[PDB]
Structures are given as C-alpha cells and as structure tokens.
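Everything on this sheet refers to the single structure shown next.
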Amino acid sequence: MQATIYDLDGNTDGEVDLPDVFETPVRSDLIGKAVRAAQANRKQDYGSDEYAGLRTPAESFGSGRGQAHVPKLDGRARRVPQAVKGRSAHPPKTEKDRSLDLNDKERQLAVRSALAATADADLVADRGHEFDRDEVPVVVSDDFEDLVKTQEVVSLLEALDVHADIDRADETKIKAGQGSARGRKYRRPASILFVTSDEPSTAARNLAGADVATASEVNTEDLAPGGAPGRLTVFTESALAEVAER
Amino acid sequence: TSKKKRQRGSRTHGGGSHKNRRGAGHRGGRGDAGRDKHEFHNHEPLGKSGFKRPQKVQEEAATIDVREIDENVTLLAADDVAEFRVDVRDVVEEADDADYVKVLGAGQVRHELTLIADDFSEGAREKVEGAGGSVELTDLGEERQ
Amino acid sequence: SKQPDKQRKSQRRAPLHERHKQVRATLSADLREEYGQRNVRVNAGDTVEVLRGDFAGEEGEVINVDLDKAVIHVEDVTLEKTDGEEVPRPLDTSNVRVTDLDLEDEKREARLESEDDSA
Amino acid sequence: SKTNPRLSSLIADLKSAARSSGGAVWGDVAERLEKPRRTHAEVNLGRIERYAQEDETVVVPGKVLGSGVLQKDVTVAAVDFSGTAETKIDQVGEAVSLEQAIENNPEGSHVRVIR
RNA sequence: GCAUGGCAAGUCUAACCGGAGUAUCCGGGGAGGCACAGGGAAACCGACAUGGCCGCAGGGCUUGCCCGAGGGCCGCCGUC
RNA sequence: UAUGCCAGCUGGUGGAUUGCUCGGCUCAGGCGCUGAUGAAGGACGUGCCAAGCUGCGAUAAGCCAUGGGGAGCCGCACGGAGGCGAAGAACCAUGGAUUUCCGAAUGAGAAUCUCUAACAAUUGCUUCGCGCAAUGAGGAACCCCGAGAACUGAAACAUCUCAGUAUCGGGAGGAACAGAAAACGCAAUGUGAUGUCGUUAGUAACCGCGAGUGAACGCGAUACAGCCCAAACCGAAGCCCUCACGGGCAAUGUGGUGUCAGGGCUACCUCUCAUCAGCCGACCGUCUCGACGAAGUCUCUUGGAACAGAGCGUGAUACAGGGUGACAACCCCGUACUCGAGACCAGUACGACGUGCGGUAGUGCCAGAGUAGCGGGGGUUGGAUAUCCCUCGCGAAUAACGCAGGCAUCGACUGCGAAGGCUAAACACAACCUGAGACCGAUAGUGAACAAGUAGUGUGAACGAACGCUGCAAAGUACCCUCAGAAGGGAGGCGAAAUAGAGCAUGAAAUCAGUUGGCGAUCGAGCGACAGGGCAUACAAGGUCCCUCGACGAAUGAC
Ligand SMILES: [Cl-]
Ligand SMILES: [Cl-]
Ligand SMILES: [Cl-]
Ligand SMILES: [Mg+2]
Ligand SMILES: [Mg+2]
Ligand SMILES: [Mg+2]
Ligand SMILES: [Mg+2]
Ligand SMILES: [Mg+2]
Ligand SMILES: [Mg+2]
Ligand SMILES: [Mg+2]
Ligand SMILES: [Mg+2]
Ligand SMILES: [Mg+2]
Ligand SMILES: [Mg+2]
Ligand SMILES: [Mg+2]
Ligand SMILES: [Mg+2]
Ligand code: NA
Ligand code: NA
Ligand code: NA
Ligand code: NA
Ligand code: NA
Ligand code: NA
Ligand code: NA
Ligand code: NA
Ligand code: NA
Ligand code: NA
Ligand code: NA
Ligand code: NA
Ligand code: NA
Ligand code: NA
Ligand code: NA
Ligand code: NA
Ligand code: NA
Ligand code: NA
Ligand code: NA
Ligand SMILES: [Sr+2]
Ligand SMILES: [Sr+2]
Ligand SMILES: [Sr+2]
Ligand SMILES: [Sr+2]
Ligand SMILES: [Sr+2]
Ligand SMILES: [Sr+2]
Ligand SMILES: [Sr+2]
Ligand SMILES: [Sr+2]
Ligand SMILES: [Sr+2]
Ligand SMILES: [Sr+2]
Ligand SMILES: [Sr+2]
Ligand SMILES: [Sr+2]
Ligand SMILES: [Sr+2]
Ligand SMILES: [Sr+2]
Ligand SMILES: [Sr+2]
Ligand SMILES: [Sr+2]
Ligand SMILES: [Sr+2]
Ligand SMILES: [Sr+2]
C-alpha cells in the first residue's frame, strides 16, 4: 500500500510505498509470547539467605518431658519450618533460572507481526490510543530527527491530530500495593512510539507516555507494550524503509 | 488449573496412605538399587560384552544414498552437466571430518549420472550404470585391494 | 538513586553543609528577576510570606533557621501554650516565599549577584 | 484450547463451509485440526506425487514439506507449506491455502485427502 | 510423556563479538548437539522416492459401483 | 427470682489486621592488602551536667594547613546553663599534629600492671657494634602447599561411595597458581607457551564390571608475549657499602659471551630495528564525587492542612525518585543537557636511547645424574599393561646421544631436548564503594529496623532473646477542687481528632466488668441440621406475607 508523508508543519508532502511487512498477519499470541520473554529476561535473581534459621545448635529433647520433639535452644524452639525464627521450608532460590528462551525465528515473526498491527487504525484504536486520524502509522519527513525542543514536537502532533494520546498518558496512577515501598509507586498509559533512524528522538522522549526507538533495533515491546498489539506509532521517512527488512 | 494447584486440603497429595512417601524405602533403595534383586524387571542384564578398538584406529565414512543425489540433480546446477557429472565429495555435508566419502544405493536413479567418490556399494553401481551412468573411483578410492 | 529508602535516607543523614539546601525558599517575582534565580537559602534576616498552612497569607521576618530540623521561625507565626506563653510554630521553607533579602553579608550578596552560582 | 488465532478462524470457516455447502471434507479436516498438533499431517512432496491426480485438489489436513519430487500438475491445499514446498509445488502446479480452497470450492468436491 | 507454538530434511545456537534505549533489547556467532541408515563384538558390508490384497475417513458416479491418503495383512530389500 | 446458659451493646484486656519503613535478603558493576615507622583487636580514659552509642587519646565528641562551604553552630539526643562564629565557625575533601596501657608485642616479668637500658627470638650483611636490614601478627572469602574423617549410598557390607568433601597444619597476593614443549599424535605437506569459558561427553577409561566414578586431544571463544641462566670460548675486564677516604665480596669465578630461529671456536658474507636494559609517558574508557540546571505556588469550592474537584496557565535534551499538613514535571531537593575533579586502566600503549638480527663452511669444543630407566611396597587417578606421587633397592648415554607417539622388545617413521629459572593479559572472591530488585515488610526479612552479638545462660569452649508508629505544629495540659500526695480522680485548656495524652495510627479473637434480648432453681448430655411455634427488632442495605372465593389442576383419589 501507500503511506502519506508529512512535513514538520503537518502538511502532506508526497507519499511512499508502505513496506510489505506491514501486511504480515497480526498474531497476538506470538506477540504476547515475545513480550512475556523480554519481561522475564530483565528480572533479577533473588532468594533468602541459605543459612537463615540454621545458625543454632538447637536440639530436640525427644520423649520424656511431655513435649513435642522440636529442636530447642535456651528453651526456645528453632530451626524447623513450623518454628517461629525457624528456616523457610521452600523459599525463593538464587539458583533458579528465571529467563525464558525464544527461537530467533519465532521472535522475529512476532516483531514483524507487531509492526503490521501498527498499520491498522481499528486495532490501534482498540488498543486504547486516542487520535483523530484515518491513516496509520503516521509517517513523517526525516527532518523530524533535527528537532530539538519538545514543544515543537507538540505542535506537529497537534497538527497531525495525534496529540490526544499524549493527553491520555498525561495521568499517572498511584498503584495499589507495596510496590510503592520499593520505588514502583507510579505507572502510566503508553502513548506514541517515535521510530527514527539515526538516534532516538531526544525532542519527543519526554512526552507523557512516549517511547522512542530506532528502526534498526525497535522491538516487540515498544511496538506492542504489555503484549497488546497496535500501538499508535510515528515513523520517520527513512525509519519506515529501514524497518522493512527486519 | 493444574494438578499441583488442586492438592491443598487433600492431606496426602496423591500419595495414598500418609505412611507411603517417606525415605528411599518407598523407592526400594536409592538410584539403581536392586537392579538384580527386587527390581530386576526390564533392566539390562548384568555382564560384559565385546571390546572396543582405539578411537584413532577407527575410520568414519561419510555416506550418501543415490536417492539424495538424484532427487536434487537440477537443483545442483552448480555442478557439471555432460552428455550429469557430480563429485559427491562436493555434495556431502560433514565430508571434511570424515576419512572418506561413500555412495550407497538406496532409492532410484532416474537420470544418467557420472559419480565421483572414494567408494561405492555394489547396489550403488548396479543402479547408476543401470540408468546409463558411470562411476568414477577417486584416487583415495584407490585403496581397494 | 531511584529507591525511596535511599532518597529519604540521604536527606535525613545529610551533613550540615548539605542541609542549607533543605532550607531554601522560592523568591518573589521581583527578586527572581533581580538576581536571576528562582529561589534562595532563607536567612535569619530575610522577610517572607507564608503561602500554605494555617498561617497562609502572613508575612514576617525570619527570626531563626534550624538546619538540624530543617525548619524556620517567622515573627508572629506562633502557637499559644497552655500557660498562655506564645511560641513559634516551625515552618517548612517549601511553604514560604522570600519577599525581601538581608544582604548585610558581602559574601551572600556577592553570591546572589554572581551569575555562575546561586545563593 | 488452540492458541493461534488464525488456526481458530480457519477451523471456524471450515465448519461454516461444511454446514452450509455440500462439503463433508471441510468439516472432516476441521475435526482433524481440532485434534492435537502431534496428530496433524506432515507430508512431503513424494507422497503427493504418488497418490495425487490432476484436476483433483489435494487436501492436506496439516502441513506440506519439501522432501522428494513432484511432477504432476496438481493444486495442493494445506494449512501451511514450508518455503521450499510451496516453491517446488508452484513450479509444476499450484500451492493454495485451505482458506482459498474453501472459497473456491465450498462444496468441497473433486478433492483427495492426503496425510 | 503430554498440550500449545516456530521452523522443517532439517533444526537450535553455546561461550563469546558488535550495536544500543547498556543486566532488557537489535544484529552476529552453527563450535557443537540431535535428526537425516542400518546391521555387526569387530573386521566389514550397507536398505521399499512402492510390487500385491483388504479397507476406515473422504472423493467420484448414472446410488449399488469406482478412486481409496492414514491404517491392516503380505511380499521384497540392508546386515549378523 | 439466685448460682447460671446463648447472643449482642458500652468499657477494658490483648496486639491480630490494614496502612507505613531508618532494617534485611539477593543480584550487578567498581575496588582491594595491613603490621616493629608497633597493625587488626582489646582495656582504661576523654564532655559544663554524661549512663549507653558514636568519636577521640592526657592536645582525648577534638588541634593545624590548603581548597570547598556558609550564617549559623556546640554528634546520636526535641534539656538547662553557658559558650563559639564576619579574626568567616559549623560542615566536607586532601594533607599534617597529637595518638595512654595491653596487644605479633620484642629488656625481664604480669589476668591490661610492675621491675632494672633493651630489634626478645631466628637470620642476612657486617664498619663484627643490633651498626644496617629481614621475619613474626591481621584480613570476608578467594588462592597455593601439606594432614585428612565419618555419618551416607550400595536398600546388609568389606573394594567402591559419601570425598580429597568437613575439619586441622603451613604460606602468598590483590588476585593466586600455571606458562614458552624431552608437547600434541583430528598420523599430518598438520597444530604450536599457560589459565579460563562453551563444547568435545556422561563419550574413552574405571568398577563386588554392582551401586556408582569419569577425563583428554581437538574445535569455537577470551586474552595474547615472550625471554633469562649453567657450560663451551674469554679470566678480574666485576659487584656491594660510603659524600669521600676507605672497607667488604670475588680464581671454590665477579664480569663478558651464550641459551634449539642450538651455542662456542677458526674462516668469511651481510647486516642490525629481533631481543634485552633503562628513559618518557598518555588519549579513550569505566567507577565514584562535585558544579550548573527550565516551568504556577493563580481563581472558586471542600478541608485542620490543597498535593483534591472544577476553571485558567507553563516548562520539557528535565513526565526517574524523594520531600513538603492529602493524588505535585512547574512549592523544595533533584532529574535531562553541559562541565569539573579523583581513582582504576597504567608507569601500560606509543615515542625515543643504547644493544645488535641473520647467513655459509669447517670443528665428535659445550649443553643440568642417584637423574632417564628397572624392580619390591604403598597411596592416588578415568588412566585401563597405557595416571600422578611417596618410599626401599638398583641404575645410563653424551647430540655420532637421548626422550615421546596409551602393553614389552628391535628396526623404520614423525615429534621433541628432561634432570636450572623468570614471565604481562584473559579467570576466583567480596571485605570496601555505588547501583539495582515480579524478593521480605516488624512472630516476616539477618540472631540483630530498637540497648544486638545488647540483656541474659554456662567454669569454659560456647550459647543468646524481646522491644518500630502522639500530633500539621508540643500547641507535651495553665488555673481551680479533692487527696498524705510531682500519685490518682474531678472540672478545665489545646487540637480536625485526646476513644491522638506517652510501647500515645488502626485496635480482631480468646477473654473480663457492667448491661440488653431470649431461657432459667421438676429436670438430661456431640451442643446441631431440617420443619414448625413463643418472645425480641429505629433507619439503611431485603419486601414480602396471611385469609374468603375463583382459575388451573400431575400422580393419586373418595364420602
Ligand atoms: Cl570399536
Ligand atoms: Cl511424508
Ligand atoms: Cl592439532
Ligand atoms: Mg526466619
Ligand atoms: Mg493489600
Ligand atoms: Mg545569581
Ligand atoms: Mg613488653
Ligand atoms: Mg548401606
Ligand atoms: Mg586456577
Ligand atoms: Mg549389591
Ligand atoms: Mg571420583
Ligand atoms: Mg590427549
Ligand atoms: Mg579413594
Ligand atoms: Mg525478627
Ligand atoms: Mg493505640
Ligand atoms: Na546463633
Ligand atoms: Na539464576
Ligand atoms: Na504422605
Ligand atoms: Na553445525
Ligand atoms: Na575495594
Ligand atoms: Na554519655
Ligand atoms: Na589517631
Ligand atoms: Na626488627
Ligand atoms: Na649486631
Ligand atoms: Na541401606
Ligand atoms: Na547396618
Ligand atoms: Na570397585
Ligand atoms: Na576440525
Ligand atoms: Na510545600
Ligand atoms: Na593420582
Ligand atoms: Na617404586
Ligand atoms: Na609426542
Ligand atoms: Na516486632
Ligand atoms: Na424463631
Ligand atoms: Sr522411652
Ligand atoms: Sr499419585
Ligand atoms: Sr528425614
Ligand atoms: Sr526403584
Ligand atoms: Sr538375581
Ligand atoms: Sr561441523
Ligand atoms: Sr544534628
Ligand atoms: Sr538531631
Ligand atoms: Sr538460528
Ligand atoms: Sr501401506
Ligand atoms: Sr599466542
Ligand atoms: Sr639441556
Ligand atoms: Sr606399539
Ligand atoms: Sr512481637
Ligand atoms: Sr543475615
Ligand atoms: Sr556444663
Ligand atoms: Sr477533661
Ligand atoms: Sr382433573
């Protein structure tokens, strides 16, 4: 198909062939698998101290004093799992492999599949993104890379009737639970993904919910956050073409 | 829901009497204990058998069936097309870490072929010639006598 | 760091010279323009206006600045004890705004007026 | 509990066709695709060459692979083809998806099942 | 073993290298493994891309009669 | 109706629950030796008031210098009094001063003190004098060299296993160890020091041929680096101490040459950029620390408080995280960007100084002995005839010689020179620094969020808890009454709240006091389930139910 190209003023400026990958049938299960793996792979190993609760010579008295055969020290029960201050019976272990494998072909297929979900306005809308456009993804002239001020990217997005999504992401959620005690107090909706070619857009990155990537390494996660396909994206002239051979 | 997830409240988690799942006695001994006594069943029998020759006095032939060669003649365009002429050595994978290449005669040969290899099987020849073809024994192949 | 425990920790355990920044307050529009800064370290000479608590709206002279507890006392911003005596109600500088500086110290003034640095 | 959404749609389309048209193969192939993957067909070209005949659509309730030689000019309809399979077949005949086959022949007539 | 998914006469990379948004991730790396031939202690030799008959599903026809993948019973082939 | 049963209400007791996190746990990166110049550790001191912790050392929570920093300060610790600071204090970085006693502990002795100048003891050098030096002890583990179990598995058990594990002795470093072939043996016209990682592979090998044990060559990677002696031929041409004088060492050989691209020597060609020694000396990168740093504290409403809702507005290379009286990019610290310094890389890389690579011909001049090798006995190993080592005995050749290529001998072939030595980098650990987290969230997580190795137990080795939360602000309750009363009580004051008033957020159950409903001093025990009656019931969150009659009317079914 063909995709319309836009200049920094938001005006049309020709158009190009939308590469074939964007016609890859959408496979949400393969995409979900890909995201699930990337998420598991950055998780850190953990586990309780292997000697926790074992630093004691506590011994059981056995039968005779009308007492349960429980290891005790200084009249205190210890070591065993049912004992307060005792060891953890089956605790998290450092040796556990918390990574997930994924064949390269299966992963690459998912990237292509996620790329393709980006060109389906109905899907993009279902995913949740707020926009008032018909063509998707949004293709823009390579000059986009030369921008510097965030507000300039704002004007362009407003001109492109795509700024509504940023307003959507301009609301953080203060999570329920103890994540807060560990630095995970906030979370927020995912908005527009800017895919450039030379370097990620420093001008767009700070936008609420925004994500920036480069055609050479954009992955399943930026294309489909949380494994949900159809992210409202904005490619760069060259980014669009370079992404064709992924 | 998995089986594991359904065991809470069951008490014995599928073990039957709670006197069953204890130590190695419940397995009749650890590892292959009793492989000649209480658990001889389906176990390989005891004993020695044969011998082994030293690994550096052993030859490993790289083999291929005419069927493989013949089925890919056209595809193997990057290889001679005479009155096809094919040096099996340039065809067999793993033909490097092998001491020699041998052509076996499994399948059919629907073309006339001139095969060059370190050795062939009786049937490999009968078939190749039978389809108006020839067989050329390599120089290395000159170890038959 | 990004971890809440460490963030609070570094603040509660900061050495004295690093606590000056815990008693800084935003400058009035004029002063901001005048010294090219958005805020300053509140001194026991400055005049300030309360913009938040129960004393929001009042202005007064800073009578004391406690670095140990990172708080300030402002003239007339007080509480009445049971015996009747009047005592100061400590304020977080974050709820106040400096409307007039005490530049009796050449160093502070020099610091404020310098451009490469702030006071 | 199939996981591939496309496989699910195919199965749904296969049933719609078998119920609405005079075609029992489609409902048959559907019943087989509903079975576990391990039972799905994995057919090499050599087998299609041995039992297929022209003007009779070959239907594979599985996937077609590239071993062997196909010379007969036949139309093969499968759940999927390996890159090579689809290549060899297209040379002497034609490779088609069950989704296409179902559309060109809802009645599912003149067709031979191969596994 | 099984269920699901990729790829398929192949399949997968390991350590590790480059890139980067720097533990994630993108590209590279096929060393090596398993599969693609077996039998024999070894020396050593080396196989059905189908020859016959039943027949389920399915297809065809002029509605009992054909074609009949898979399957079943045999031939035959490699080797000790 | 007493004693009393069941349920609830008000108030306790208790500290569950919810929320909170100054502590843990684990991972990652960086970094990494200290001590006779007396360490690490301990004891005892040291403050205006000072018990504990922290700091410090008779100059005792500190003294001095330089830079930073800044109007405050006098640690944890929110008191009282007093003092210090523009003579620029506090605080921070770097460097310096002081630094009691015991402690390797070293003049001798000793439970931290005492007695009459001290490297005690063992060594090297030696001016033969403790004159100059070394050693000793510490360190989380990691590392190297020695000593070396058993429970256990084999369903018993002895070989075997657990395991060269636990534990013990000795010793080094920031990393250790190894290391430039008497190699390999994909046998080759081939590879080319050594670790390590992936693989080779649970393969070869071992084994009551049981259970079990278990490599290597190679290959892909990481990192790369190669040299020095002994002797031959020379023969004092030399080295160490001292400013010097001078002394000491050295013919039992200092020094030159040389080191398998064998060397030396005699005779030649050519030439050096090899090597070795020394000089100089980074970039970059990584880690940490630091400077700078945009934009609202606008309106109304609610509230004790706006960081809430509604309205208006703004920055962003900054929408990480935290703080601030409630959900904060724009109130404060920070964060992005940019910049600075230290540390590590590394005295390395580069560069430069000197030295001089190599080739021909001749020469049986030189080339590491209890060795190579064999036998007896042990251990160990996958090592099987074919692992490595110990022990007793025996014991060679001299490059024209010798060793190896998985049984022995002999020949051939291929490889390689043992019995002298050094060697960067790539790898292990985590004390220390920093960062991180689908980890735990106060009976959890460390034994330890608190006085934590604390209180406490044991003659000793050693053993070892529990204790988190007022409030926005102490505004931490003035005055009065009562009382033996700084108690407690009453009244009162503060605050949104005292049912927030001190183990002071919330405040379960067990259970206690008082009390409400139901039952109750002639009656019977798994305490109930299901039916049905009594009595009891504020609202809200349920709104149905009863009687006459009529309609419908299954099985069944009359007088
Ligand atoms: Cl063998
Ligand atoms: Cl097949
Ligand atoms: Cl080799
Ligand atoms: Mg515990
Ligand atoms: Mg919760
Ligand atoms: Mg200024
Ligand atoms: Mg002494
Ligand atoms: Mg046993
Ligand atoms: Mg090592
Ligand atoms: Mg046995
Ligand atoms: Mg072993
Ligand atoms: Mg080997
Ligand atoms: Mg042993
Ligand atoms: Mg605890
Ligand atoms: Mg309470
Ligand atoms: Na303990
Ligand atoms: Na792990
Ligand atoms: Na049991
Ligand atoms: Na390979
Ligand atoms: Na360090
Ligand atoms: Na004290
Ligand atoms: Na000191
Ligand atoms: Na000494
Ligand atoms: Na002496
Ligand atoms: Na046993
Ligand atoms: Na026994
Ligand atoms: Na044994
Ligand atoms: Na090879
Ligand atoms: Na504030
Ligand atoms: Na051994
Ligand atoms: Na011996
Ligand atoms: Na050898
Ligand atoms: Na607690
Ligand atoms: Na009742
Ligand atoms: Sr007894
Ligand atoms: Sr079971
Ligand atoms: Sr047990
Ligand atoms: Sr068993
Ligand atoms: Sr038996
Ligand atoms: Sr290979
Ligand atoms: Sr303080
Ligand atoms: Sr304080
Ligand atoms: Sr691959
Ligand atoms: Sr058959
Ligand atoms: Sr090398
Ligand atoms: Sr030698
Ligand atoms: Sr031999
Ligand atoms: Sr407790
Ligand atoms: Sr611990
Ligand atoms: Sr005792
Ligand atoms: Sr009162
Ligand atoms: Sr009736």
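Chain letters run A, B, ... following the sequence lines, proteins first, then strands; residues in each count from 1. Quick note: numbers below take in every heavy atom, side chains included, and nothing from hydrogens, waters or symmetry partners.
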Inset, instruction - Rounded off to whole Å, could you give me the CD-to-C1' distance for the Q3(C) and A436(F) pair? - result: 6 Å
Inset, instruction - Give one of base, sugar-phosphate or nothing for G66(D), where a contact means two heavy atoms less than 4.0 Å apart. - result: sugar-phosphate
Inset, instruction - Kindly say if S82(D) contacts the phosphate of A9(E), meaning a side-chain N or O under 4.0 Å from OP1 or OP2. - result: yes
Legend entry - Within-4.5 Å side-chain heavy-atom neighbours: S201(A) and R205(A): no
Legend entry - Side-chain contact groove (criterion: under 5.0 Å), residue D74(A): minor
Legend entry - Anti versus syn assignment for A61(F), with syn defined as within 90° of 0: syn
Inset, instruction - Would you indicate what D65(B) reaches in the nucleic acid, counting non-hydrogen atoms under 4.0 angstrom: base, sugar-phosphate, or nothing? - result: base
Can you give me the N/O atom pairs linking the protein to nucleotides 501-506 of chain F at distances under 3.5 Å, or say none if there are none?
none

Legend entry - Closest-nucleotide ordering on RNA chain F, the 5'-leading residue of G36(C) and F55(C): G36(C)
Legend entry - Minimum-distance nucleotide to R188(A) side chain [options: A71(F), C319(F), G6(E)]: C319(F)
Inset, instruction - Look at all strands and tell whether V218(A) reaches a base, only sugar-phosphate, or nothing, counting heavy atoms closer than 4.0 Å. - result: base
Inset, instruction - Pick base, sugar-phosphate or nothing for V23(C), based on heavy-atom distances below 4.0 Å to the nucleic acid. - result: nothing
Each nucleotide N or O in nucleotides 340-343 of chain F that has a protein N or O under 3.5 Å away: list the pair and distance.
none

Inset, instruction - Using a 4.0 Å heavy-atom cut-off across all strands, classify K93(A) as base, sugar-phosphate, or nothing. - result: nothing
Inset, instruction - Determine the contact category for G209(A): base if any of its heavy atoms lies under 4.0 Å from a base atom, sugar-phosphate if only primed atoms, P, OP1 or OP2 are that close, otherwise nothing. - result: nothing
Legend entry - Residue-phosphate contact under 4.0 Å: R89(C) side-chain N/O, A475(F) OP1/OP2: no
Inset, instruction - Give a yes/no answer on whether the side chain of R8(C) brings an N or O atom under 4.0 Å of OP1 or OP2 in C20(F). - result: no
Inset, instruction - Please work out whether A444(F) sits syn or anti, treating a glycosidic angle within 90° of 0 as syn. - result: anti
